[PDB]
Number of protein chains: 2
Amino acid sequence: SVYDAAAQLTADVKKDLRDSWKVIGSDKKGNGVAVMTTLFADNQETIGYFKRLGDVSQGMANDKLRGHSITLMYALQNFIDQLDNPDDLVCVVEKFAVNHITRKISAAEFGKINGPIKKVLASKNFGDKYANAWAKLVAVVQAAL
Amino acid sequence: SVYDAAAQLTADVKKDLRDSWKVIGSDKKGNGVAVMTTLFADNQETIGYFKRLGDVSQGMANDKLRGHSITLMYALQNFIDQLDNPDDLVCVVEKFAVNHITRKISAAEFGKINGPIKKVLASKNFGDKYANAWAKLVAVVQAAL
Ligand code: HEM
Ligand code: HEM
């Protein structure tokens with residue numbers, strides 16, 4: 001199932017993911033926080049999953065939120081580095097899904113991250129072409145949930 | 001405390017961490033699996049914590065172990081990237097400690113990773129000076145458990 005979703009990651013898709021990551025991943029703290037705060041803004045209900053982070057309205061200034069945001073970017077860094085080897089990408093994606101499955105985060109719930117990522121990409125001038133590429137990467141993770 | 005331990009990362013310690021990581025971090029899959037296999041070999045008692053991984057003796061052939069090993073290296077990548085800012089290093093370490101605290105991994109238990117790291121370092125011509133540098137970094141995490 002995860003292997004099938006990984007099959008959608010064509011040569012052109014991987015190319016756009018890498019080029020866009022070269023910029024997005026250059027500032028993990030800045031963009032990581034941008035993704036989370038945007039998620040909470042467009043889908044307030046997702047905050048129910050982050051009670052441990054405390055006052056998320058503080059954004060960057062919130063140490064726990066900042067810690068989470070930075071760490072989130074290293075999961076994406078991981079995925080991006082394994083793109084050329086489906087076997088490694090799959091094992092890393094399934095490993096990643098373990099904790100999210102335990103948190104009872106469905107594929108649909110996880111997909112709510114697509115909007116934030118699309119917006120962050122647009123702030124760096126990466127159009128729909130790139131947003132679609134990232135939606136496909138997220139789809140690989142969704143297949144594991 | 002974690003804040004006092006982070007202050008132990010002096011200038012030369014950070015430098016040695018970077019220089020050694022430049023090599024060790026070049027092959028996250030290979031070195032990551034070596035670290036885990038060494039841990040299970042020198043400290044068989046820790047295998048109980050990894051029941052989900054299955055037959056750990058399969059090494060690289062075990063998809064779950066390989067996935068975990070690769071992911072582990074990205075946590076270290078995270079720490080290394082935060083060496084410039086103590087505030088970020090701390091929030092990232094505390095974030096990382098959450099799941100390990102939940103698994104009831106004590107500071108003493110976590111410290112068993114020092115042996116494996118030292119051996120992997122040695123296999124790449126990096127001696128005691130570097131093993132001690134990494135022990136200090138591991139100490140920051142121990143302070144958070
Ligand atoms: C591409 C998007 C995402 C990435 C790369 C990502 C990455 C991570 C990482 C690396 C962790 C730390 C390791 C762990 O405990 O699993 C984590 C924790 C977590 N994730 Fe995800 N995640 C993503 C999306 C989501 C979404 C959409 C939700 C929920 C709506 C979610 C909820 C959580 C929660 C609740 C935690 C624990 C936070 C804490 O208490 O510190 N994640 N995620
Ligand atoms: C350099 C030290 C270590 C690093 C960088 C590291 C890194 C990680 C990472 C990134 C994860 C995935 C996220 C999470 O679930 O928290 C993880 C999972 C885990 N770690 Fe640690 N860890 C280290 C040492 C240890 C040690 C010494 C133990 C046990 C004595 C331990 C036990 C666990 C367990 C049981 C899991 C879950 C594995 C699974 O079921 O997939 N870790 N660790």
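Method-wise, the PDB entry is recorded as coming from X-ray crystallography, at a reported resolution of 2.00 Å.

## Observations regarding the coordination of the iron atom of ligand 2
A lone protein donor binds the iron atom of ligand 2: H100(B) (NE2), at 2.0 Å. Its place among the elements puts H100(B) in helix α5 (residues 86-102).

## Some points on the relation of the copies chain A and chain B
You can overlay chain A on chain B at an RMSD of 0.3 Å; the transform is a turn of 180° with a shift of 0.0 Å along its axis. The transformation relating the two chain copies, once decomposed into turn and shift, fits a two-fold axis. Minimal C-alpha distance to the rotation axis in chain A is attained by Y74(A), lying at 3.2 Å. Take the interface residues of chain A: 96% of them recur as interface residues in chain B, which is what a same-surface contact looks like.

## Quick look at the interface of chain A and chain B
Listed by partner, the interface residues are 23 residues for chain A and 23 residues for chain B. Taking both partners together, chain A and chain B bury about 1900 Å²; carbon and sulfur atoms supply 48% of that area. It is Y74(A), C91(A) and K95(A) in chain A that bury the most area against chain B; as a group they hold 30% of the surface buried on that side. Linking chain A with chain B are 4 salt bridges.

## A look at the packing of helix α4 (residues 63-81) of chain A against helix α8 (residues 128-142) of chain A
Residue and element names in this part refer to chain A. The geometry of α4 relative to α8 is characterised by a closest axis approach of 12 Å and an angle of 95° between their N-to-C directions. By the angle between their directions, the pair α4 and α8 is classed as roughly perpendicular. For the pair α4 and α8, contact is made by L76, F79 and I80 and by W134, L137 and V141, respectively. Here the residues of the contact of α4 with α8 are counted per class, giving 6 nonpolar, no polar and no charged.

## Examining the packing of aromatic side chains
Residues and elements named next belong to chain A. For the structure on display, the rule yields 10 aromatic pairs over all chains. With a centroid separation of 5.9 Å and 45° between ring planes, the pair formed by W21 and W134 is classed as tilted. With a gap of 113 residues between them, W21 in helix α2 (residues 11-24) and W134 in helix α8 connect regions that are remote in the sequence. You can call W21 buried: its relative accessible area is 7%. Given a relative accessible area of 3%, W134 falls into the buried group. Considering the side-chain rings of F40 and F50, the 5.2 Å spacing of their centres and the 70° angle between planes classify their relative orientation as edge-to-face. A residue pair is termed long-range when its members are at least 10 positions apart, and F40 in helix α3 (residues 28-42) and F50 in the loop between α3 and α4 qualify at 10 residues.

About the thresholds
- Residues numbered from 1 in each chain as written, not as in the entry; some residues may be left out.
- Chains lettered and ligands numbered in written order.
- Heavy atoms only, no water.
- Donors = N, O, S within 2.8 Å, 3.2 Å for Na, K, Ca; no water.
- Helix = DSSP H or I, 4+ residues; strand = E, 2+ residues; numbered from the N terminus.
- Least-squares fit on C-alpha atoms.
- Contact = heavy atoms within 4.5 Å.
- Buried area = accessible area lost by both parts, 1.4 Å probe.
- Salt bridge = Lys/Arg side-chain N within 4 Å of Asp/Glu carboxyl O.
- Axes fitted to C-alpha atoms, helices over the stretch in contact; angles between N-to-C directions.
- Parallel < 35°, antiparallel > 145°, perpendicular 65-115°, else oblique.
- Nonpolar A, V, L, I, M, F, W, Y, C, P; charged D, E, K, R; others polar.
- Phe/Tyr/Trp six-rings, centres within 6.5 Å; stacked < 30°, edge-to-face > 60°.
- Buried < 20%, exposed > 50% of the residue type's maximum accessible area, 1.4 Å probe, protein only.

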